[PDB]
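Printed here is query.cif (mmCIF, N, CA and C atoms):
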data_query
loop_
_atom_site.group_PDB
_atom_site.id
_atom_site.type_symbol
_atom_site.label_atom_id
_atom_site.label_comp_id
_atom_site.auth_asym_id
_atom_site.auth_seq_id
_atom_site.Cartn_x
_atom_site.Cartn_y
_atom_site.Cartn_z
ATOM 1 N N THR S 1 -22.817 -70.825 20.359
ATOM 2 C CA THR S 1 -22.075 -69.581 20.203
ATOM 3 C C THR S 1 -22.732 -68.688 19.142
ATOM 4 N N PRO S 2 -22.642 -67.371 19.312
ATOM 5 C CA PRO S 2 -23.190 -66.461 18.301
ATOM 6 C C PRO S 2 -22.190 -66.091 17.215
ATOM 7 N N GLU S 3 -22.724 -65.918 16.004
ATOM 8 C CA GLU S 3 -21.944 -65.526 14.830
ATOM 9 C C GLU S 3 -22.310 -64.093 14.463
ATOM 10 N N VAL S 4 -21.374 -63.170 14.690
ATOM 11 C CA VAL S 4 -21.589 -61.743 14.492
ATOM 12 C C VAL S 4 -20.558 -61.205 13.509
ATOM 13 N N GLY S 5 -20.948 -60.156 12.786
ATOM 14 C CA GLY S 5 -20.062 -59.545 11.812
ATOM 15 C C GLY S 5 -18.944 -58.773 12.488
ATOM 16 N N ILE S 6 -17.699 -59.176 12.245
ATOM 17 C CA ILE S 6 -16.529 -58.622 12.918
ATOM 18 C C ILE S 6 -15.550 -58.142 11.854
ATOM 19 N N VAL S 7 -15.022 -56.919 12.032
ATOM 20 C CA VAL S 7 -14.092 -56.301 11.093
ATOM 21 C C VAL S 7 -12.666 -56.549 11.578
ATOM 22 N N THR S 8 -11.721 -56.523 10.640
ATOM 23 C CA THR S 8 -10.291 -56.588 10.916
ATOM 24 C C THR S 8 -9.682 -55.267 10.463
ATOM 25 N N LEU S 9 -9.322 -54.409 11.415
ATOM 26 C CA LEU S 9 -8.890 -53.052 11.108
ATOM 27 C C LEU S 9 -7.375 -52.924 11.192
ATOM 28 N N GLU S 10 -6.827 -52.073 10.326
ATOM 29 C CA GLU S 10 -5.389 -51.901 10.204
ATOM 30 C C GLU S 10 -5.073 -50.419 10.072
ATOM 31 N N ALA S 11 -3.785 -50.103 10.119
ATOM 32 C CA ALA S 11 -3.343 -48.720 10.046
ATOM 33 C C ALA S 11 -3.419 -48.194 8.620
ATOM 34 N N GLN S 12 -3.645 -46.889 8.504
ATOM 35 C CA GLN S 12 -3.621 -46.200 7.220
ATOM 36 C C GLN S 12 -3.261 -44.740 7.471
ATOM 37 N N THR S 13 -3.235 -43.949 6.403
ATOM 38 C CA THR S 13 -2.921 -42.532 6.482
ATOM 39 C C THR S 13 -4.150 -41.698 6.139
ATOM 40 N N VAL S 14 -4.274 -40.548 6.804
ATOM 41 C CA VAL S 14 -5.431 -39.676 6.633
ATOM 42 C C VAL S 14 -4.956 -38.267 6.308
ATOM 43 N N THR S 15 -5.890 -37.332 6.210
ATOM 44 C CA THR S 15 -5.613 -35.978 5.745
ATOM 45 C C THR S 15 -5.984 -34.915 6.768
ATOM 46 N N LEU S 16 -7.044 -35.146 7.549
ATOM 47 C CA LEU S 16 -7.477 -34.312 8.678
ATOM 48 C C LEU S 16 -7.797 -32.877 8.242
ATOM 49 N N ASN S 17 -8.843 -32.762 7.434
ATOM 50 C CA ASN S 17 -9.385 -31.453 7.116
ATOM 51 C C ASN S 17 -10.228 -30.920 8.270
ATOM 52 N N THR S 18 -10.105 -29.620 8.531
ATOM 53 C CA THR S 18 -10.818 -28.964 9.618
ATOM 54 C C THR S 18 -11.797 -27.945 9.057
ATOM 55 N N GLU S 19 -12.976 -27.873 9.665
ATOM 56 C CA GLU S 19 -14.039 -26.981 9.221
ATOM 57 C C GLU S 19 -13.979 -25.691 10.024
ATOM 58 N N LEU S 20 -14.080 -24.556 9.331
ATOM 59 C CA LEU S 20 -13.965 -23.247 9.946
ATOM 60 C C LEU S 20 -14.947 -22.297 9.265
ATOM 61 N N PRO S 21 -15.670 -21.475 10.016
ATOM 62 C CA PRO S 21 -16.686 -20.609 9.413
ATOM 63 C C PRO S 21 -16.067 -19.376 8.781
ATOM 64 N N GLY S 22 -16.883 -18.655 8.021
ATOM 65 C CA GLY S 22 -16.410 -17.396 7.476
ATOM 66 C C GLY S 22 -17.398 -16.793 6.506
ATOM 67 N N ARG S 23 -17.029 -15.628 5.985
ATOM 68 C CA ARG S 23 -17.775 -14.958 4.932
ATOM 69 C C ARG S 23 -16.922 -14.842 3.677
ATOM 70 N N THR S 24 -17.572 -14.520 2.560
ATOM 71 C CA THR S 24 -16.903 -14.288 1.283
ATOM 72 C C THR S 24 -16.870 -12.792 1.024
ATOM 73 N N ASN S 25 -15.685 -12.254 0.771
ATOM 74 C CA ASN S 25 -15.550 -10.865 0.367
ATOM 75 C C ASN S 25 -15.233 -10.774 -1.119
ATOM 76 N N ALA S 26 -15.586 -9.636 -1.709
ATOM 77 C CA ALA S 26 -15.328 -9.415 -3.124
ATOM 78 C C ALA S 26 -13.840 -9.215 -3.369
ATOM 79 N N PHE S 27 -13.407 -9.541 -4.585
ATOM 80 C CA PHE S 27 -11.980 -9.538 -4.885
ATOM 81 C C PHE S 27 -11.439 -8.136 -5.104
ATOM 82 N N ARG S 28 -12.179 -7.295 -5.815
ATOM 83 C CA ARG S 28 -11.704 -5.946 -6.112
ATOM 84 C C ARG S 28 -12.942 -5.052 -6.158
ATOM 85 N N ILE S 29 -13.290 -4.487 -5.005
ATOM 86 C CA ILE S 29 -14.481 -3.661 -4.851
ATOM 87 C C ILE S 29 -14.042 -2.205 -4.781
ATOM 88 N N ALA S 30 -14.790 -1.338 -5.453
ATOM 89 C CA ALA S 30 -14.456 0.078 -5.544
ATOM 90 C C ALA S 30 -15.726 0.881 -5.306
ATOM 91 N N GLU S 31 -15.862 1.450 -4.114
ATOM 92 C CA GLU S 31 -16.969 2.356 -3.850
ATOM 93 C C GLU S 31 -16.749 3.650 -4.616
ATOM 94 N N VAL S 32 -17.693 3.991 -5.489
ATOM 95 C CA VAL S 32 -17.553 5.161 -6.350
ATOM 96 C C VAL S 32 -17.888 6.384 -5.499
ATOM 97 N N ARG S 33 -16.879 6.994 -4.939
ATOM 98 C CA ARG S 33 -16.907 8.263 -4.234
ATOM 99 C C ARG S 33 -16.556 9.387 -5.207
ATOM 100 N N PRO S 34 -17.145 10.578 -5.039
ATOM 101 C CA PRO S 34 -17.196 11.525 -6.168
ATOM 102 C C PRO S 34 -15.896 12.229 -6.508
ATOM 103 N N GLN S 35 -15.142 12.693 -5.505
ATOM 104 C CA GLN S 35 -13.877 13.436 -5.561
ATOM 105 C C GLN S 35 -14.079 14.879 -6.048
ATOM 106 N N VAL S 36 -15.307 15.282 -6.378
ATOM 107 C CA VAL S 36 -15.575 16.632 -6.863
ATOM 108 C C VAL S 36 -17.029 16.941 -6.529
ATOM 109 N N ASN S 37 -17.383 18.225 -6.492
ATOM 110 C CA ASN S 37 -18.662 18.623 -5.917
ATOM 111 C C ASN S 37 -19.566 19.368 -6.896
ATOM 112 N N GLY S 38 -20.870 19.320 -6.601
ATOM 113 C CA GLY S 38 -21.925 19.877 -7.432
ATOM 114 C C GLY S 38 -23.170 19.012 -7.377
ATOM 115 N N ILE S 39 -24.253 19.405 -8.046
ATOM 116 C CA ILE S 39 -25.434 18.555 -8.128
ATOM 117 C C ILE S 39 -25.292 17.635 -9.329
ATOM 118 N N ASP Q 1 33.584 38.629 -13.928
ATOM 119 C CA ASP Q 1 34.099 39.839 -14.555
ATOM 120 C C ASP Q 1 33.260 41.058 -14.202
ATOM 121 N N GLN Q 2 32.361 40.920 -13.219
ATOM 122 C CA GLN Q 2 31.635 42.015 -12.559
ATOM 123 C C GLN Q 2 30.712 42.751 -13.539
ATOM 124 N N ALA Q 3 30.239 42.053 -14.571
ATOM 125 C CA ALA Q 3 29.340 42.662 -15.544
ATOM 126 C C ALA Q 3 27.934 42.859 -15.003
ATOM 127 N N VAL Q 4 27.605 42.232 -13.878
ATOM 128 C CA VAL Q 4 26.336 42.410 -13.194
ATOM 129 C C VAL Q 4 26.683 42.750 -11.749
ATOM 130 N N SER Q 5 25.713 43.299 -11.024
ATOM 131 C CA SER Q 5 25.921 43.626 -9.622
ATOM 132 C C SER Q 5 26.099 42.357 -8.795
ATOM 133 N N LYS Q 6 26.684 42.511 -7.610
ATOM 134 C CA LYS Q 6 26.710 41.380 -6.691
ATOM 135 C C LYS Q 6 25.344 41.162 -6.059
ATOM 136 N N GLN Q 7 24.590 42.243 -5.848
ATOM 137 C CA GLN Q 7 23.277 42.136 -5.229
ATOM 138 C C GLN Q 7 22.253 41.525 -6.178
ATOM 139 N N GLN Q 8 22.361 41.807 -7.480
ATOM 140 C CA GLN Q 8 21.477 41.157 -8.442
ATOM 141 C C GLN Q 8 21.784 39.670 -8.546
ATOM 142 N N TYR Q 9 23.051 39.299 -8.368
ATOM 143 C CA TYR Q 9 23.408 37.890 -8.280
ATOM 144 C C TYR Q 9 22.849 37.240 -7.025
ATOM 145 N N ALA Q 10 22.871 37.949 -5.892
ATOM 146 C CA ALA Q 10 22.307 37.390 -4.666
ATOM 147 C C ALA Q 10 20.797 37.225 -4.778
ATOM 148 N N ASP Q 11 20.130 38.143 -5.483
ATOM 149 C CA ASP Q 11 18.697 37.998 -5.729
ATOM 150 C C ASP Q 11 18.400 36.814 -6.645
ATOM 151 N N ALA Q 12 19.220 36.613 -7.685
ATOM 152 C CA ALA Q 12 19.012 35.474 -8.577
ATOM 153 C C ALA Q 12 19.296 34.152 -7.879
ATOM 154 N N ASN Q 13 20.313 34.118 -7.018
ATOM 155 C CA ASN Q 13 20.625 32.898 -6.287
ATOM 156 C C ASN Q 13 19.563 32.594 -5.240
ATOM 157 N N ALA Q 14 18.959 33.628 -4.649
ATOM 158 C CA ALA Q 14 17.864 33.395 -3.713
ATOM 159 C C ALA Q 14 16.625 32.871 -4.419
ATOM 160 N N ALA Q 15 16.304 33.421 -5.597
ATOM 161 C CA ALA Q 15 15.181 32.897 -6.371
ATOM 162 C C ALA Q 15 15.435 31.460 -6.813
ATOM 163 N N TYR Q 16 16.689 31.142 -7.139
ATOM 164 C CA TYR Q 16 17.065 29.785 -7.521
ATOM 165 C C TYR Q 16 16.918 28.799 -6.370
ATOM 166 N N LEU Q 17 17.332 29.184 -5.164
ATOM 167 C CA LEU Q 17 17.199 28.260 -4.044
ATOM 168 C C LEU Q 17 15.751 28.136 -3.575
ATOM 169 N N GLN Q 18 14.955 29.209 -3.691
ATOM 170 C CA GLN Q 18 13.520 29.101 -3.422
ATOM 171 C C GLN Q 18 12.837 28.160 -4.403
ATOM 172 N N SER Q 19 13.246 28.197 -5.671
ATOM 173 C CA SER Q 19 12.621 27.316 -6.648
ATOM 174 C C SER Q 19 13.066 25.865 -6.480
ATOM 175 N N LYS Q 20 14.316 25.629 -6.052
ATOM 176 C CA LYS Q 20 14.720 24.269 -5.691
ATOM 177 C C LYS Q 20 13.923 23.743 -4.506
ATOM 178 N N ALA Q 21 13.616 24.606 -3.533
ATOM 179 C CA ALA Q 21 12.782 24.158 -2.420
ATOM 180 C C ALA Q 21 11.339 23.893 -2.847
ATOM 181 N N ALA Q 22 10.821 24.654 -3.816
ATOM 182 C CA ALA Q 22 9.468 24.386 -4.309
ATOM 183 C C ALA Q 22 9.406 23.082 -5.099
ATOM 184 N N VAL Q 23 10.466 22.764 -5.847
ATOM 185 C CA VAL Q 23 10.526 21.463 -6.513
ATOM 186 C C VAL Q 23 10.674 20.342 -5.489
ATOM 187 N N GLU Q 24 11.352 20.594 -4.361
ATOM 188 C CA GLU Q 24 11.418 19.574 -3.314
ATOM 189 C C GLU Q 24 10.062 19.340 -2.659
ATOM 190 N N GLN Q 25 9.255 20.392 -2.491
ATOM 191 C CA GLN Q 25 7.891 20.198 -1.988
ATOM 192 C C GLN Q 25 7.027 19.410 -2.971
ATOM 193 N N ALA Q 26 7.134 19.720 -4.270
ATOM 194 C CA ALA Q 26 6.374 18.969 -5.270
ATOM 195 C C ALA Q 26 6.838 17.522 -5.372
ATOM 196 N N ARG Q 27 8.129 17.272 -5.167
ATOM 197 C CA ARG Q 27 8.644 15.910 -5.193
ATOM 198 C C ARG Q 27 8.230 15.131 -3.952
ATOM 199 N N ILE Q 28 8.112 15.803 -2.804
ATOM 200 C CA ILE Q 28 7.598 15.152 -1.602
ATOM 201 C C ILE Q 28 6.128 14.781 -1.770
ATOM 202 N N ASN Q 29 5.336 15.656 -2.395
ATOM 203 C CA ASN Q 29 3.955 15.273 -2.698
ATOM 204 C C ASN Q 29 3.878 14.164 -3.741
ATOM 205 N N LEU Q 30 4.837 14.091 -4.662
ATOM 206 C CA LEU Q 30 4.846 12.996 -5.624
ATOM 207 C C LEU Q 30 5.391 11.704 -5.016
ATOM 208 N N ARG Q 31 6.064 11.789 -3.872
ATOM 209 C CA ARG Q 31 6.543 10.614 -3.158
ATOM 210 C C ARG Q 31 5.541 10.106 -2.126
ATOM 211 N N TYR Q 32 4.626 10.963 -1.664
ATOM 212 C CA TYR Q 32 3.584 10.504 -0.745
ATOM 213 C C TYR Q 32 2.571 9.614 -1.453
ATOM 214 N N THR Q 33 2.173 9.975 -2.668
ATOM 215 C CA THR Q 33 1.593 8.989 -3.563
ATOM 216 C C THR Q 33 2.674 8.007 -3.987
ATOM 217 N N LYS Q 34 2.248 6.806 -4.387
ATOM 218 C CA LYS Q 34 3.085 5.600 -4.371
ATOM 219 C C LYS Q 34 3.664 5.425 -2.965
ATOM 220 N N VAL Q 35 2.749 5.128 -2.038
ATOM 221 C CA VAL Q 35 3.033 5.275 -0.613
ATOM 222 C C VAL Q 35 4.026 4.214 -0.157
ATOM 223 N N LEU Q 36 5.083 4.665 0.503
ATOM 224 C CA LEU Q 36 6.152 3.791 0.937
ATOM 225 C C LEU Q 36 5.802 3.217 2.299
ATOM 226 N N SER Q 37 6.160 1.963 2.513
ATOM 227 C CA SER Q 37 5.994 1.360 3.827
ATOM 228 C C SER Q 37 6.999 1.991 4.776
ATOM 229 N N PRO Q 38 6.564 2.596 5.883
ATOM 230 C CA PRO Q 38 7.518 3.303 6.748
ATOM 231 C C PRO Q 38 8.437 2.383 7.527
ATOM 232 N N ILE Q 39 7.968 1.200 7.920
ATOM 233 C CA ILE Q 39 8.791 0.241 8.649
ATOM 234 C C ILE Q 39 8.820 -1.077 7.889
ATOM 235 N N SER Q 40 9.501 -2.075 8.442
ATOM 236 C CA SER Q 40 9.658 -3.372 7.795
ATOM 237 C C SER Q 40 9.078 -4.451 8.696
ATOM 238 N N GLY Q 41 8.119 -5.207 8.176
ATOM 239 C CA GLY Q 41 7.511 -6.256 8.970
ATOM 240 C C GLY Q 41 6.444 -6.988 8.189
ATOM 241 N N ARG Q 42 5.738 -7.866 8.897
ATOM 242 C CA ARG Q 42 4.667 -8.649 8.297
ATOM 243 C C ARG Q 42 3.455 -7.769 8.039
ATOM 244 N N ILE Q 43 2.917 -7.831 6.825
ATOM 245 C CA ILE Q 43 1.770 -7.019 6.439
ATOM 246 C C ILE Q 43 0.556 -7.929 6.278
ATOM 247 N N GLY Q 44 -0.604 -7.436 6.686
ATOM 248 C CA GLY Q 44 -1.840 -8.187 6.621
ATOM 249 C C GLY Q 44 -2.609 -7.915 5.351
ATOM 250 N N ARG Q 45 -3.929 -8.040 5.443
ATOM 251 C CA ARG Q 45 -4.789 -7.764 4.307
ATOM 252 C C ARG Q 45 -4.837 -6.266 4.029
ATOM 253 N N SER Q 46 -5.380 -5.918 2.872
ATOM 254 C CA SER Q 46 -5.599 -4.527 2.499
ATOM 255 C C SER Q 46 -7.054 -4.188 2.786
ATOM 256 N N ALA Q 47 -7.279 -3.286 3.744
ATOM 257 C CA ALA Q 47 -8.641 -2.873 4.061
ATOM 258 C C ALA Q 47 -9.243 -2.037 2.942
ATOM 259 N N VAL Q 48 -8.408 -1.329 2.194
ATOM 260 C CA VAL Q 48 -8.828 -0.564 1.029
ATOM 261 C C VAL Q 48 -8.288 -1.284 -0.196
ATOM 262 N N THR Q 49 -9.184 -1.891 -0.967
ATOM 263 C CA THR Q 49 -8.804 -2.515 -2.220
ATOM 264 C C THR Q 49 -8.547 -1.443 -3.272
ATOM 265 N N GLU Q 50 -7.996 -1.857 -4.406
ATOM 266 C CA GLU Q 50 -7.673 -0.901 -5.454
ATOM 267 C C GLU Q 50 -8.932 -0.477 -6.201
ATOM 268 N N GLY Q 51 -9.076 0.831 -6.392
ATOM 269 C CA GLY Q 51 -10.261 1.424 -6.971
ATOM 270 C C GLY Q 51 -10.986 2.387 -6.058
ATOM 271 N N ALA Q 52 -10.691 2.381 -4.763
ATOM 272 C CA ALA Q 52 -11.431 3.184 -3.798
ATOM 273 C C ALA Q 52 -10.802 4.557 -3.628
#
Now, as a test, write the supplied structure out as structure tokens.
Amino acid sequence: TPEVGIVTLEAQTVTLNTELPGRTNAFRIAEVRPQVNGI
Amino acid sequence: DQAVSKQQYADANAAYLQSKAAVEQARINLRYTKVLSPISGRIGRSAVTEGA
């Protein structure tokens, strides 16, 4: 007979994190637009 | 006690109601800033952040 490595598995609890793509946006961005005219 | 004309009173009351309407226009412009949500519901992200 052969002797092979055998595991004994049981129940446990997991968390199930899911991977999702995306980009990072800045928190408080302010494009400096002039509000007044001239050179 | 009729110390002034009735017509001068009507002119003063007309100027008074015109000036109340001009203050109502200025108050409407002061209410458009600090912009009120017109309806009630779930709101998403802000496409314009503060500073723009």
Check which residues of chain S sit at most 7 Å from chain Q using all atoms listed in the file, and return one row each with the closest pair of atoms and their distance in Å to one decimal, ordered by chain and rising number, as a Markdown table.
| residue | atom | partner | partner_atom | distance |
| --- | --- | --- | --- | --- |
| S:27 | C | Q:49 | CA | 6.8 |
| S:28 | CA | Q:50 | N | 5.8 |
| S:29 | C | Q:50 | C | 5.6 |
| S:30 | CA | Q:51 | C | 4.2 |
| S:31 | N | Q:52 | CA | 4.8 |
| S:32 | N | Q:52 | CA | 6.5 |
| S:33 | N | Q:52 | C | 6.7 |
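One distance worth recording is that between atom N of residue 27 (chain Q) and atom C of residue 15 (chain Q), which is 16.0 Å.
Computed from the coordinates, the atom N of residue 33 (chain Q) to atom C of residue 21 (chain Q) distance equals 16.7 Å.
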Review point. What does the distance between CA of residue 8 (chain Q) and CA of residue 23 (chain Q) come to in Å, to one decimal place?
Key: 22.6 Å
Practice item. Would you please give, as a ChimeraX atom specification, all residues of chain Q that DSSP assigns to alpha helix (DSSP H) based on the backbone? Key: /Q:6-32
Box in all listed atoms of region 20-38 of chain Q, axis-aligned, with 6 Å more on each side; write out centre and edge lengths in Å to one decimal as JSON.
{"center_x": 8.2, "center_y": 13.5, "center_z": 0.5, "size_x": 25.1, "size_y": 36.3, "size_z": 26.0}
